[PDB]
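Heads up, what comes next is one protein chain in two forms, each shown on its own as C-alpha cells, labelled structure 1 and structure 2.
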Structure 1
C-alpha cells in the first residue's frame, strides 16, 4: 500500500500521503490497538550509527539536489571514517541547520509548523561550561524576544558522547514561574513547577516566594553537576493580563511571560543526540496556563473569574466553566495584542496549519500530524482541524522526550 488518503469532512478535500513510507520508528499502535492518546507509547554503537548517519546524509543531499554527487559520496566516506575511528561524527554547520529545521517540520504535535523554515539556529557546540551555557541562553532569549516581535530560534549545545558527559538544561522551559507548596497544602505560584522549584531551592536558590517568581536556570555542562544562574530580569518580557470589557479582571493581578522556550527535549539528527537544545517560538493563546493559578486560599482563576462574572456555579449545565474559560482567553489575547507581543489565537493557528498541511502534501508528499495534540483545548469543532483526518508517523530528524536529569544524574 504505497498511498494513504486522508479526507477533510467539511471541505471534502482528499490528500494523498506517500511520505509515510520514510517513517523510521514505531508508533506504539498495532493492527489491533491504537495508542494515539497515550502520552508516551547506553549510546549508539558503531554499527548502529553507520545506517542512521547514511540515511540522514542521503536525505540532506537530496534536499539540496546533489544526491549521488561527488560531494555526497565524499561526505558519506568522511562520516564513515569518523565513525570507524571515533565511534561518532560531527555534523557540518549546514547539516545542523537543516536537521534542526526538519525536526520542527517533522514534529507531529506542533500546530505552528507553517513557520518551520524560518527557524534561527544558534550553534553552541563549542560550549564547555555552565557559564557559557548561560551566555548562549541569554543571547537566545534576547534574540527571540526582539522587544515583543518574537522570532523562532533554537540553541544547540554539544551532542552526547558516552552518556556520562551530557549537556542538559534542567528547566522544562527557559522562562517559568516558581510554585511553592505551603504547609497547609495550598500552592503559591504555578502548581506545575513545584518539583523543579524544590530542586532549585535545594541547590541554593533564595526564593522571593511570590506569585510570579521567574525560576533560575539550572544548567549542566559536560556531565558536571548543574549550576544556578538568574536570568537578567530585563530580558524577561511579561504581559499584564487585563480584559477589554471587565474592569475588574486586572485586579486579579495576573501576568504571563511572552516567550515559550521549551528546554527539556532531545534533538536527534542522523543518530546523534543533542540533549540540550532549547527552542522557542510564540504562544497560541490557549496554551497560557494562568487558569490553574489560585486567586485566594481556595479558588482557581477559573472559579474566581466565574464568581466575578456572577455566574451560577451550582450546576454544571449552566456552563459557567465554559463561559469563564472563554473570557480568560479573550483577556490573554487582548493583553498580548495591546502590548504588541506576538501571539496567535487558535482559529488563526489552525487555519494556518491546514494551509500548511495541504502545501506539505503537495510539495513533500505528506505531513505527519497528531490530531489529539493539534486540535486546540477549547472550541475544537469550530476550528478547521477538527474535521481534518490526519496520519501520524515518526520521521527523523526529530524532537524526542528524555528522562528528567535529576533521575539519572550521577552527582559528583
Structure 2
C-alpha cells in the first residue's frame, strides 16, 4: 500500500511508494517497535546471483537502459563469473553507482542532499597495508582540500572467504586518543580508550596529551594490522574559541576538521566491502554536543558552566543547557573563522527537509530514521522534529560490522 507521511508544522503530506522495493528487515514486528535500538539483529553462489541480478537491474534501470543488450550481456557476464569463481567484480560505473546509492539509502544520515556529489576512489587493486595507507592519505588530502571539504569514499577489495578481510581498525580515520589514568579517570577521548590501548600494545609510543591524533592501524588481506602515522600537515585542526567569551580559547580545546567513518561495511550487489572509509564535513552538534558534552566523552559542561559562573546547584537552572549552546556557538564560529566547512543543525535539517521533498518527487520516497535525523539539541525548533518519517532498508547500503579485534586470528 501507499503510505502517507505528514509534516505537522507545514501540513505537507508526502506519499511513499519506495518502501515497496525493500526486502531487508528492520527489526520491528507488528507487535514490537525497535526503532530506538542501535543495532537490531560469507555468501554462497546460491544467495549471490539474485543479489547481483537485483543490483544490475536497478543500475540499468537508473541509466534508462533496462532490458537493453548491455543489460542482458552484463547479467550473463555476471552469471558466468559467479559460476566459475564464486564471486564477481563490479565495473567501475557500477561501483560508483553503488557507493552513491549506499549513501542515498542511509536512513540515519541527515546530510544526504549531497549524495550524488560523492567522489569515489577505487582501491580494489590494493594488496598491502602500505598500499592502504597511501590510498587513505590521498583520500584525506583530497577530502580536506585546505578547508573546503569534499565528500569522498575509498573502496578497498571486497571480502572473499572472510579470512582475507581488508579492515581499517580505526573507527574514524582521524580521532583523538583516550588514556585510562592511574587515579581511575580518563585523559583525552574516553570513547577511544580500548583502541588507544591496542595501538600502545602494537608499539605506538603515546605522547599522552589530550588531543593526540591516533595512528592508522591497517589490515590488508587478513594479515596482522600495521601502524602508520598520518602526516600532520594532512590533519586539518581547528582551535575552538568563542566570539564573546575571551576565556574560551584558554580551555585549550580543538577538534579536527574531517569526519571520516572508517569501520562500516559497504554492501553492493551481494558483495561486501569491509574497508570503505568515507568522509564528509561536520554538523556542529556532532562535535559540540556529543563529542564535548556526552558524559562518556570529553564531558566539559561543568568546566564551561564554571567559567560562565552559572548556578550549578540545581538542574532546573538549566545551566547544562546554557553551557551547551555556548559550546556549540564556539564550534561553529571557530570552523567558520578558519574557513573549514561546517553546517549548523538548523541549516542541515532544513536541507534534509528539501532533500525529502526531492526524493519523494523523483524517487517515490526517502528512508529516514527520526531517532537519528533529529539533532541532539534544540530538537523541536528544527523542521525535522515535526516531520513524520518512514524507516526502511534499501540496498546498496552501509552496515555495521564487528570490531576486528574481536575476530582477528593473530599471527
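Just so we're on the same page, rigid core means the largest C-alpha set that superposes within 1.5 Å between forms. Only residues modelled in both forms are compared. Residue numbers count along the first chain shown, from 1.
K.L.:
Just one of 313, 231, 294, 73 has a C-alpha that shifts by 2 Å or more between structures 1 and 2 on a rigid core fit; which is it?
P.N.:
Result of the comparison: 294.
K.L.:
For residue 380, what C-alpha shift in Å is seen between structures 1 and 2 once the core is overlaid?
P.N.:
With the rigid core fitted, the alpha carbon of residue 380 is displaced 0.1 Å between structures 1 and 2.
K.L.:
Return the sequence-ordered list of stretches, each of 3 or more consecutive shared residues, in which all C-alpha shifts are 2 angstroms or more between structures 1 and 2 following rigid core superposition.
P.N.:
Run shifting 2 Å or more: just 289-300.
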